[PDB]
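Shown here is one chain on its own, the form deposited in one PDB entry, set out as structure tokens.
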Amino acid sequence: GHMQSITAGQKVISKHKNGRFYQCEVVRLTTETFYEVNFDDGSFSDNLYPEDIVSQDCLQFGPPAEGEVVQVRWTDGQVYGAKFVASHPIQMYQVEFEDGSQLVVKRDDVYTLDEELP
């Protein structure tokens, strides 16, 4: 959604790591910044984290310049040449389940207690 804003301290319903929906509590609203890059073969990634840029220290100095050549460490642990496209912060929701487990989830994966699932 929404319509409904979700706030810290609110009981909501979201999927646990076991893959089923349970009630959980929003413990914090976080901002995660994702980087978008074009790899040298022309494939596109929309969900790098700033630390995945290994040619410069983006956590310390911010994003590369638009179009800047970069090296990126991919999820296979290998390094690839790319060019920086854009960064976009996404508002997210850190939730805690009855068992103490936590997840950081996007708005669309959070439901209020009053609404029909899914």
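Position 1 is the first residue in the sequence shown; the rest follow in order.
Keep in mind the form solved in complex with a partner chain is missing from the figure; the text below concerns it.
Its partner chain in the entry with it bound comes within 4.5 Å of no heavy atom belonging to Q91. At a distance threshold of 4.5 angstroms between non-hydrogen atoms, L48 is in contact with its partner chain in the entry with it bound. Interface membership of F44, defined by any non-hydrogen atom within 4.5 Å of its partner chain in the entry with it bound, is confirmed. Mapping the unseen interface onto this chain, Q71 falls outside it, with no heavy atom inside 4.5 Å of its partner chain in the entry with it bound.
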